[PDB]
Amino acid sequence: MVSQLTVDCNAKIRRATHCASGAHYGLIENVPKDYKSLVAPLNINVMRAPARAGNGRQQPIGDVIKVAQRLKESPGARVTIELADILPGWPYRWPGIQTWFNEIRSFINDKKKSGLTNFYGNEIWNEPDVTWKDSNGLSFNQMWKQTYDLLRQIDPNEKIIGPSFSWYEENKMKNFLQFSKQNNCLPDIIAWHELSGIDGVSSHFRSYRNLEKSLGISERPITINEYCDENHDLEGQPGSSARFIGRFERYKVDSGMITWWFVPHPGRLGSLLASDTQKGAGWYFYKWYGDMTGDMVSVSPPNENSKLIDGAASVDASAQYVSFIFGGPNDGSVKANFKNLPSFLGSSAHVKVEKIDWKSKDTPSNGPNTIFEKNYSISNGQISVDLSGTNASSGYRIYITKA
């Protein structure tokens, strides 16, 4: 059977922002060591890093002020401040509101003294649905409200990010939105994680935006600041990742960050690196993604509300190309239909079809392979590009230029 994806080059979503190009603890103080070869080429959007690292903190590495300084070499990039990781233990060992506030104030002082403004925002907590305990002496909503008021006083021009749920559920989100609207503590950027199973991801965006409408909340930017297939071993896998990229772009997600499931190995860009120093297959897939310029356009996949193959497409009238990247569970053949092809291609398009194969997150990769490359005659703005013998783990790209 044939898995079909249809790209409509006239159906502009928005400009290319590489919204899903980031990772939690994906960049740390000195891993990757080679910023220019391993980080800079990816056109990073937003990373995520702990507000503090080291003695007494959640992890020994990842200081966000040091990470933000590294990211200045990528002038468009930003980094999320994860305030929760001031605290040690999982679930976080709450030290009382007094120490929490002292630590936040000390961090904000250092933040301002750094002079950096490439932070994405202050994220108040992390997975309260996993880590907040009533025995802390106050509810999550209470800690949220109180910390929100603190942040507005001491860092008024910074965005506030949350509530950072481990998984999306409509009642949980609605309760939080209702609480936050009525008590004037709505986040500037809404945050949750998609690490529990990809099938429902798109339905979560639809649920969330319907909640904003039904509750009278002006539209918030969305950050999915941890995402991964339900199988942790697929972190950074090209095939799996193509579906998150496609769906995040389809719903105009502001930023998305890959999970950090493998705590022994921080600094690998979301398992895009096979080691601290070597690229994995995912690096090459995200490089294709980061290279996209122009407008993102609509991709119609077999079923975005499932595990099946999905992807994202860009059209650039100045560079004169179309790019379509895709991957995921499929029927073993793929038919990529293009409609309303750019008139700059005339009657003849040069089509290069490539794949990046994957063995595991820790397998080094030498890069993609060209499956085939040839010219296609364009009739009524349409071509169909067939790929045989496809799998669910490889990443694929169709790159269209003038013939």
Side-chain angles (χ1 to χ4, degrees), residues 24 48 50-52 56-59 64 80-108 120-152 154-156 158-196 200 204-205 207-212 214-226 257 259:
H24 187 43
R48 188 161 176 254
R52 300 293 203 192
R57 312 310 194 171
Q58 179 70 195
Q59 298 293 343
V64 69
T80 300
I81 299 163
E82 188 195 17
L83 294 168
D85 278 19
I86 287 175
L87 302 178
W90 186 269
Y92 300 104
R93 287 204 284 279
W94 177 252
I97 194 77
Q98 297 97 328
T99 293
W100 177 239
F101 272 26
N102 287 326
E103 288 299 315
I104 289 174
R105 287 179 190 283
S106 174
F107 168 75
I108 292 302
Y120 190 58
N122 295 135
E123 185 184 12
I124 285 180
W125 201 247
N126 180 39
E127 304 198 335
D129 43 354
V130 174
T131 60
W132 193 264
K133 303 304 177 186
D134 284 339
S135 63
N136 291 351
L138 67 172
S139 72
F140 170 71
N141 289 348
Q142 290 188 276
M143 181 277 305
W144 173 269
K145 169 62 171 170
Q146 290 167 37
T147 307
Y148 185 106
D149 290 349
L150 170 67
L151 287 175
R152 288 299 197 216
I154 70 181
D155 196 3
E158 188 57 270
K159 303 279 187 292
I160 296 175
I161 299 167
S164 312
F165 296 137
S166 180
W167 66 91
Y168 186 93
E169 192 276 319
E170 181 170 284
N171 276 4
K172 178 167 57 183
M173 177 62 79
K174 182 178 178 164
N175 271 319
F176 172 75
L177 292 175
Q178 283 180 326
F179 171 87
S180 293
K181 173 182 186 184
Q182 287 308 319
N183 297 282
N184 299 110
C185 54
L186 288 166
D188 303 310
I189 310 170
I190 196 73
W192 68 90
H193 299 166
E194 293 286 11
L195 44 72
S196 302
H204 301 156
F205 300 138
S207 168
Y208 173 74
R209 298 243 174 81
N210 272 315
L211 281 181
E212 288 183 327
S214 78
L215 299 178
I217 298 172
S218 54
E219 199 193 298
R220 299 311 208 256
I222 299 171
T223 183
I224 305 305
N225 56 20
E226 296 186 31
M257 277 115 290
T259 45

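By convention here, the first residue in the shown sequence is residue 1.
In this structure, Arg152 and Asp149 have side chains that are not in contact, with every pair of non-hydrogen atoms separated by 4.5 Å or more. With contacts defined as side-chain heavy-atom distances shorter than 4.5 Å, the pair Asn122/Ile108 qualifies. Side-chain contact check for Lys145 versus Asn141: every heavy-atom pair is 4.5 Å or farther apart. Counting heavy atoms from C-beta on, the side chains of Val64 and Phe107 come closer than 4.5 Å. Using a 4.5 Å heavy-atom cutoff, the side chains of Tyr208 and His204 are not in contact. At a threshold of 4.5 Å between non-hydrogen side-chain atoms, the residues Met143 and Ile124 count as touching. Contact annotation: the side chain of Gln58 never approaches that of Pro50 to less than 4.5 Å [non-hydrogen atoms, C-beta and beyond]. Counting heavy atoms from C-beta on, the side chains of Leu138 and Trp132 come closer than 4.5 Å.
Residues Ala191 and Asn225 approach most closely at CB-ND2, 3.9 Å, considering heavy atoms. Considering every non-hydrogen atom in both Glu212 and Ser218, the closest pair reads OE2-O, 3.9 Å. Heavy-atom minimum distance, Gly121 versus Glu158: CA-OE1, 3.4 Å. The shortest non-hydrogen separation linking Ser164 to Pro128 is O-CD, 3.7 Å.
The structure places CD1 of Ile222 at 4.5 Å from CH2 of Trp192, a figure rounded to the nearest 0.5 Å. With values rounded to the nearest 0.5 angstrom, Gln178 atom CD is found 8.0 Å from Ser214 atom OG. Here the CZ atom belonging to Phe205 is positioned 14.0 Å from the CG atom belonging to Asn210, to the nearest 0.5 angstrom. With values rounded to the nearest 0.5 angstrom, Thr223 atom OG1 is found 3.5 Å from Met257 atom CE. Remark: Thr147 OG1 to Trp100 CH2 distance equals 6.0 Å, nearest 0.5 Å. Atom CH2 of residue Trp167 and atom CG of residue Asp129 lie 4.5 Å apart, to the nearest 0.5 angstrom.
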Would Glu103 and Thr99 count as a side chain to side chain contact (heavy atoms under 4.5 Å, CB included) if you check the C-alpha gap in whole Å, the side-chain angles of each, and the deciding distance to 0.1 Å?
-> CA-CA 6 Å; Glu103 288 299 315; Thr99 293; 4.2 Å; yes

Give the intermediate values and the outcome of side chain to side chain contact (heavy atoms under 4.5 Å, CB included) for residues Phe140 and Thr131.
-> CA-CA 10 Å; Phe140 170 71; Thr131 60; over 6 Å; no

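Counting only N and O atoms by type, the side chains of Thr80 and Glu123 include no donor and acceptor under 3.5 Å apart. Judged by distance alone, the side chains of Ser106 and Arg52 do bring a donor and an acceptor atom under 3.5 Å apart.
For the pair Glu127 (side chain) and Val130 (backbone), a donor-acceptor distance under 3.5 Å is absent. Using modelled atom types, one side-chain atom of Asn102 and one backbone atom of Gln98 make a donor-acceptor pair closer than 3.5 Å. Of the possible polar contacts, one joining the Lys181 side chain to the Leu215 backbone as a donor-acceptor pair under 3.5 Å is found. A donor-acceptor distance shorter than 3.5 angstrom exists from the side chain of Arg220 to the backbone of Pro187, with no hydrogens or angles considered.
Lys174 NZ: 12 or fewer foreign heavy atoms inside a 6.0 Å radius.
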Could you give the side-chain donor-acceptor pairs of residues 88-97 under 3.5 Å, partners two or more places apart or in another chain?
{"residue": "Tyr92", "atom": "OH", "partner": "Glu82", "partner atom": "OE2", "Å": "3.4"}
{"residue": "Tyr92", "atom": "OH", "partner": "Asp85", "partner atom": "OD1", "Å": "2.6"}
{"residue": "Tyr92", "atom": "OH", "partner": "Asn126", "partner atom": "ND2", "Å": "2.9"}
{"residue": "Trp94", "atom": "NE1", "partner": "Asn136", "partner atom": "O", "Å": "3.3"}

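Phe176 and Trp144 have their aromatic ring centers within a separation under 6.0 angstrom.
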